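What follows is calculated from the coordinates using simple rules that are stated; it is not laboratory data. Please note: Cβ atoms are built from the backbone with ideal geometry, for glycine as well, and neighbour counts cover all protein chains shown.
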Amino acid sequence: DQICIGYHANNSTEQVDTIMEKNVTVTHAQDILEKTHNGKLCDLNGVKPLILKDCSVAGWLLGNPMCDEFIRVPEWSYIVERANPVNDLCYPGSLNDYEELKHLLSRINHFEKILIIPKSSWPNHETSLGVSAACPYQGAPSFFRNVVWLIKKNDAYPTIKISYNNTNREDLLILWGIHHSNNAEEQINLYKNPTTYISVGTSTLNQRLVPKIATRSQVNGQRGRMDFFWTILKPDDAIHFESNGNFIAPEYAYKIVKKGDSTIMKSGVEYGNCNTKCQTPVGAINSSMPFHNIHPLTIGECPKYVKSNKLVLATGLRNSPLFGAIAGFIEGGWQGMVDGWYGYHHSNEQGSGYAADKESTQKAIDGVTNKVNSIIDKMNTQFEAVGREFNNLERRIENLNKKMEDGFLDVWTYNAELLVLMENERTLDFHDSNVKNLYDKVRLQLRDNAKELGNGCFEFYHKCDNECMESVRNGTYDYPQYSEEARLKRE
Amino acid sequence: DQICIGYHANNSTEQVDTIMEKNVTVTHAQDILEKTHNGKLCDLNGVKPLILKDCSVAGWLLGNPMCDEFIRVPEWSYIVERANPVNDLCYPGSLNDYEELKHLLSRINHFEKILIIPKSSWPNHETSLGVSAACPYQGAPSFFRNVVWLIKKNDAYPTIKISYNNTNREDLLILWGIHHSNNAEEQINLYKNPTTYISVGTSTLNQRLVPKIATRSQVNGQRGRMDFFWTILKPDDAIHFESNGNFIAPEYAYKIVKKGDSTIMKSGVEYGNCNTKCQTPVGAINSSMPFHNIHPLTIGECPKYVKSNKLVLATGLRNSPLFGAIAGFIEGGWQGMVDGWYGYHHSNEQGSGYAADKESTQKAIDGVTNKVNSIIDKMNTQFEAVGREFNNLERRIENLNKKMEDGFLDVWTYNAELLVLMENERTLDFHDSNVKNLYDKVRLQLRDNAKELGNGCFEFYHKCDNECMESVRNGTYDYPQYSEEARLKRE
Amino acid sequence: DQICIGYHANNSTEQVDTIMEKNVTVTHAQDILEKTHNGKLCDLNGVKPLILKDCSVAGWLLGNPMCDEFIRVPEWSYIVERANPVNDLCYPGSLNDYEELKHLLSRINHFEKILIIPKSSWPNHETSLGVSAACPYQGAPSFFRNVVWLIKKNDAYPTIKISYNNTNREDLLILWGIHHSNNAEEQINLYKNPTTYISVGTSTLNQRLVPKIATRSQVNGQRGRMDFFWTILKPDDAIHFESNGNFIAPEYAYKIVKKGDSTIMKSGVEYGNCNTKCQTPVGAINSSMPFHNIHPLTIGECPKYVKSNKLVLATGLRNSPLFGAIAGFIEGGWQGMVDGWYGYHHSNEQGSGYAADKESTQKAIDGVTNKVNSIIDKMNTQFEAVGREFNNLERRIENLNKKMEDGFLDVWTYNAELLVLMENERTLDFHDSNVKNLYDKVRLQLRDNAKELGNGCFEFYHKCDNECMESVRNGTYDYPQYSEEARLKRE
C-alpha cells in the first residue's frame, strides 16, 4: 500500500527563458507580446483619418490647386501624410515655422474654413492676374486658393490698409505671404513701386517684410520665391495689414473648432475600410496583450511598445519529456494528474488514482496570477514616443530628440526583458518549493508508520484503505490509530 | 518535557506588498517615503528668497514702477514668481531672449544695481517727458525706472554717440530698448527725424535696430510697442551706442556680484519666516527619508522624488493574524517572545519561559539593516528635474523637455517601487530560512533523544533540566550521555 | 568509517558585494569593468585622427594663415580640437550656424578642397589688397586663404554678378562673407559705394546681407567685423552672387567625398604613435571587458560607460578564511578538493581522499556561465553619449542636453550595479543549494546504514571499502547488501 507526492505534466511545448537556462519547456505559459497587425490604415473609434494622398500639410492649408479634394474636410481622428508628398508649395518658397505649425495640428481634430477678406475688398488692385504655370489647374495657370496674389491696377499699386477682427468665438489660423521678385524690371511690371514692404500687426505680432529682389535657380520653372507666414488670432484680437507691393493677402482662414488627441502619421499604407482601437503607421492592432513590437509611434488605446521578439511569462511547472523536488528527488511529473498542479497518487486494496491537492494548488494559482498582474500593472507608465519634426538646420535638436526617444525605448525594453527573465526563475523555484512543502506535510504526518522510498513515495507499514488515504490528503491522519500495527510490520 | 523553535509576533498593523501578495501584515517595517510638507515658503540655510509678489522678472529688471518694492534688493537663495504676474511689461512690447535671461538668473544670487549713464549726460535731449498712462505710478503717467525714454528738445534730436566702459571687476547686465511709433506724424512729434536707427557694439555684439512704424492692436491702451534687449558686458569691454531716434537708453545696469545655485520657483503660497534645507513650490520639507512625493521641482539638500503613494520596506517577519517554516510547519509566531526575532520555548518541570537566540537574531538584524542601507545608497544618483522655460514658438522643444523630464520620473518610480517589491519578498523568505536553519541545528543534535512532533516542537525521550536546555541554544550537547533513558521509554 | 560532503576552497582574495553583505571573499569572480587607459590619442583601426593643434574648425575651413598645415588633409577617423584654440577667426566676427556645421562634420571623414572661383575671375576688382594686421603671416598683413576680400579698383566697385554650378557628383560646402566697415569714410576708401548689399541665391537659399556700419570694440586690433556664411550646394544646383561692396567671395570650396562615423573630440592629450579600437578624450582603451569608467564620450568599438568604481560578478562560492549548507552545517570548505566545486572526502581502513562530483559541478558551471553571458548580453543596448555643441544663447538646450545624457548614464549605472548585486546573492545561494541537494542525495541512498553526524558527514554502521565508497559517489550504492551488518552494529 502507498501514497505519492507528484506534480502536473502535460503535452505542452510552450517554452520560456531564465537567467541561467534558455528554452525551458513549461506546462502553462502566457505570451504578453503582440507581434501582428492588419497592414492597413483604419478608422479610430469610427472616426476616419484625414488622408492627404500626395499633399503636404502646407499644400493643404495654402490650398495648392492639386489639393482641391481637401477644400472642405470633416472632423478627423489623425492625419496621414506621405514621406515626400509631391503637391506642396507649387510656387516655390517656404512656410515659416512650418514644424511649429504641424505641432499645433497634432492637437486639432477639426477646422472650419471661413472667408475673411473677399476679392471685393481690393477695388484698386488686380485680384485675377495673380497666377503661375507653377500651379496649373485644368491645363491653365492658377494659384493657391486660400490667398490672393495682388497685382497693380491702372499702372498703380496704392498702399493697402485693411484690418480684420476675429468676431468668431474660436482661434483663427491666418496665412499670408510675400513675393520675392527677380529684378528691378519684373518688380515695376507687377507692382509699380520699386521699394516695398508688408506690415502685419496683432496684439502680439509686429512684423515687417521686405522683398529680396535677387537671382536664384529655377524650381518648378520659377526663379521667384514666395515666403508664407502664419499666426493664431485669438477671439477679439485683430490683425492689421499694410503693404505697397509684393503682398499675398489672406482670402480664407481656418477656425479651430475641435481640439484633442491626434497625430500626423507618416505612412503610405492604404485605407482598409475598417475600424480599430489602435493605429500605427504600418497597420492597426487588435489585441489585449500589454506589449507589442510593431512600431514606436501609435495612437489610440495601445499596448506599450518594446523592441523584443519574444516575451513569455511562465505560469506553470517545468514540463517532463533549487529545492531539490521537481526534476530532482521526484523524477518527473504525471500526465494522469489532470485536475491540479500538485497532488497525490495512492495505491491500495481498492485500487488506485490521482488526486490534486486543492489548497496548495489554489495558493499557487493565486500567487502566479498576482505576479502576472503585478508585472502588467508596473509597466503602465512606460514612455510613449511622439513624432516631432525638425527642419534642415535643426539637426542637433533632431538628433537629441532621436537619442532621447530611443533612450527610453532601450530602458523600458531592458526593464521588461529582465523582469520577465528574473520572475520566470522565481516562478519555477516557487513550484519546486510548493512541491517540497507538500511532500514534507505528508512525511510529517506519517513518520515511522511508513517508509520514505526517497522518490516521493511513502510505503505504509499498515493497511491504508480509501478513507485512510483521504485522511492523508486533508491532514487529519490519526497517527496513534495505526502505530501498533505499524510497529509489528517492522521486522 | 519539550523544547520549541518559533518566531516573533506582535500587534503591529503595518503592511507591505510583494510581487505575489499585496497587504501583508509584518512585525516591523520601515516607511521610506515622505508625504508631508509645512505648507509655506521658507528661507534656505538662513538665506531669504526674493518674492516678487505680482512682478515678473522683466518687470523687476526693467523697473516697472509698480515694482518699486524691488528697486534695490539683498542677496537671495531662490526667486519666487507667480505663475501669471500682473506687473510685467507695463508699456507693451517684448524682452528679447527672455527665457535665456531667466536661465542665467538661475545661477545668480545677487546683483548690485549701479548708475552707468546719468540723466545729466543728455544735455541735448529731453529726459523728463518719457512717460505713459500704460505705466501708471499712483494714477499719474510714469515709465520704467531703469531705462530712460529720450524725446526731442527744441524740435531737434541730434545723433547720440556715447560709450560706457565696464571698469568693475564683475560682469554687467545692460538693458536698452527701441520704441515702435504708431505712424509718421507721431514719429515726428516725439523725435524730429523721420528715418531712425539704434546701433549697439561690444566686442561680441553688433546690432542695428530700426523702428517698425505700423498699425497694431491696443494693449494697456497703447498701440505702440517697445522691444528691449540685453547683453552681458565683460569686465574690461565697452558698449557703444548710436541713435538719431526711438532709443530707450540705459540709466541703471546690474553688476553680477554673487553667482551660485538658485532657481526660479512658480508659486502663490505665502512666506512663513521659517528656515529649511529643502524647499518645494507647495511647501518645505523637514525629512531624512530617502524619498518624497510632494513636487518634482525642489531646491536644497532634498530626498528623491517619486510618483508613489506608498513605499514601505519590510524589516521583520510575517505577522500572525518558501522554506516552509513561518506559517507552514509552524502554525504561528509567539506574542510571548519579546527580546528577539527567532528563539525557543522551554517546557520542563521547573517551569516554562521564552528565550531568544541572539546569534541568529543578530545575523538577521545585520542583514536587514544592510539591505535598507544598500537600497537607500543605490538611489543617491537619481534624476533631479530643472524648471526650464520656453516661448510660444518653441513648443516642440517644450514638449521634448516635458516628456523627457516625466520619462525619468516614471523610470525612477518604476525602479523604486519594484526594488521594494522584490526585496520585500526576499526579506520574508530570509526570515523563513533563518527559522528553518535554527530548527535543523537543533534537530541534528537531538537525533532520537527526542520525538519530532512536526509543529516545531521536540518532545524529549529523556529529562532536560534548565542546565540542559541551555545546552541546546549554546550548541553544546552530549548524545551518548542521555541515550540510556531513551530506548527504555521508547519500549 | 565515513564519507563527507563538502566544497572547494582556495587562496583567492577576490571580493564581491550582495544586497545583504559587502566584501564577501569568493573562490572565483569576474571583473567586468575596465578601469585603465593609455593616456594618449591614437590611430583608430589604422586611421590617424585630424589634430587641429591650436586651430579651430572655423580656422581650418576658412583657412586662417596660422593653420597652413591643414591646407591638404588626408582621410581621418576623428577630429581633435582644444577647448579654446588660439587660431580661430583672426579677423573678428562670426561664422553663422557654426554648431550646425560642426554637427555635419561629425559625419564626414574626408574633404577634397577645389578651386571654384579663381582670382582671374575678378578683372575689375582688387584681389590683393584685402589683408589685415589681425591676420599676420610671416611678419606681413594677410587673410583667410579660402576666400577673397575684394576691394575697389580705380576708385570703382562695379556691381558683381557671378554663378557657379556644382558639376561634381558630390555635395559642396561653400563659405563666403560680409565685411562690416566702421564708418562712411572707411566705407568709401575700400568700396567706392556708400550703400551696399550682398545677394546669395541657390534653389533653397535666398539671402540678402547689408553691412552694419557702426562703432564697436577692438578685438585683435580691429573694430570692423567679418560675418561668414556657409551652404551645401547639391550636385547640379548653382549658387548666384550679387554684390556692390563688402563681399568676401569664395575662392576654394570643399567636396564631401567620404561620409561615416567621425566625431569632434575636445582634448589636449598628446598623440601617442599607436593604434586602438576604442578612443576617448583622456586616452585609448584596449579591453575585453563589457563595461568601463573612463569617459562618457568615446568613438570606436567600445565597452559601455558606467559611473562605478567596482563591478565584479561572483562565479565560485563563499571562501573559507539561505539553504543551511555552506558556512552552515558544513562549517568551511576544503583546500584539498581541487578537481571541482562540490564533492566527497572519505576515510576508511585503506586510507582517505578527495573526489569531486563531476555531475553536480558541471551543471553548476553551465548555469553560472549562462548567467554571466545572460547578464552581459542584456547590457548590449545601453545609451551612448554624443558630443553636441551650443552657443552662448542656447544655454537652456545645452542644459537639457547635459541633464538628458547624465540622466541615461545614471539610469544605466543603477541598472548594472543592482543587477550585479542581485545575481551575486543568487549565485551564492545557488551553490548553497547545490551542496544541500548533494548531501540529501547521499543521505537517501544510505538511509540508516549510516549515522548523520550533522556536520556534512555520514559515520557508517558497516565497513565501506574503496569499492563501496565509489558506490555512494556513483549513485549505485546497494542498500540491501550491507543491511544486516548495519543492523548488528546498532546495539
Which of rounded, prolate, oblate describes chain A, given a ≥ b ≥ c as roots of the alpha-carbon gyration tensor eigenvalues and a/c under 1.5 marking rounded, otherwise prolate only if a/b is larger than b/c?
-> prolate
Which distances, shortest first and in nm, link C:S308 to the matching position in the other copies, using label points set 7 Å out along Cα to C-beta?
-> 2.1, 2.2
May I ask which of A:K307/C:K402; B:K403/C:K255; C:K441/C:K489; B:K53/B:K378; A:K22/A:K371; A:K358/B:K22 have a Cα-Cα span longer than 32 Å here?
-> B:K403/C:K255; B:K53/B:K378
In the protein assembly as shown, taking the dipole from +1 charges on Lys and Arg beta carbons and -1 charges on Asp and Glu beta carbons about the Cα centre, the listed residue (C:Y414, A:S262, C:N146) farthest towards the positive end is C:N146
Projected onto the charge dipole of the protein assembly as shown (+1 at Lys/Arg Cβ, -1 at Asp/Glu Cβ, origin at the Cα centre), which of B:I294, A:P92, C:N437 gives the Cα projection farthest towards the positive end?
-> A:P92
Once the dipole of region A:274-399 is set up with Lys and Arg at +1 and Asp and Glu at -1 on Cβ about the Cα centre, which of A:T276, A:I397, A:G332 lies farthest towards its positive end?
-> A:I397
Compute the label-point distances linking A:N165 to its equivalents in the other copies; points lie 7 Å from Cα along Cα→Cβ; give nm, one decimal, shortest first.
-> 5.7, 5.7
The set of residues whose placed amide H lies less than 5 Å from the amide H of A:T276, leaving out same-chain residues fewer than 5 positions away, is A:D43, A:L44, A:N45, A:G46
Please work out whether region A:1-103 counts as rounded, prolate or oblate from its C-alpha gyration tensor, where a ≥ b ≥ c are the square roots of the eigenvalues and a/c under 1.5 means rounded, while otherwise a/b larger than b/c means prolate and anything else oblate?
-> prolate
Any idea what the dipole of region A:323-466 comes to, in debye rounded to 20, about its Cα centre with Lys/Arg Cβ at +1 and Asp/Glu Cβ at -1?
-> 220 debye
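For C:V147, B:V269, what ranking results if the residue with the fewest other Cβ atoms within 10 Å of its Cβ goes first?
Exposure proxy ranking, most exposed first: B:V269, C:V147.
How much of the calculated P(r) for region B:208-315 lies past 16 Å, in percent of all Cα pairs?
Details: 4406 of 5778 pairs.
That tail contains 76 percent of the Cα-Cα pairs.
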Sorted by Cβ density within 10 Å, fewest first, the residues A:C302, A:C4 = A:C302, A:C4
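Cα-based Rg of the protein assembly as shown per 2.2 N^0.38 Å, rounded to two decimals?
Working: Rg = 41.9 Å, N = 1473, 2.2 N^0.38 = 35.2 Å.
Cα Rg divided by the expected 2.2 N^0.38 Å: 1.19.
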If you put a point 7 Å past Cα along the Cβ direction, how far is that point for A:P480 from the same point in each other copy, in nm, smallest first?
-> 3.7, 4.0
Excluding residues on the same chain fewer than 8 positions from B:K48, give the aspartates and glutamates whose Cα lies under 15 Å from its Cα.
-> B:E75, B:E81, B:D261, B:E270
Relative to the compact-globule scaling 2.2 N^0.38 Å, provide the ratio for the alpha-carbon radius of gyration of region C:49-268.
-> 1.01
Interchain or sequence-distant (5+) residues whose placed amide H lies within less than 5 Å of the amide H of A:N193 are A:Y157
Of B:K161/C:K212; C:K363/C:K436; A:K35/A:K277; A:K113/A:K161, which sit over 19 Å apart, Cα to Cα?
-> A:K113/A:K161
Given backbone amide H placed at 1.01 Å from N, residues whose amide H is under 5 Å from that of C:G93, ignoring those fewer than 5 places away on the same chain, are C:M226
Calc'd 3J(HN,Hα), region B:249-256, phi into Karplus 6.51 cos²θ - 1.76 cosθ + 1.60 (θ = phi - 60°), Hz, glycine/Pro = x, comes to 8, x, 10, 9, 9, 10, 8, 8
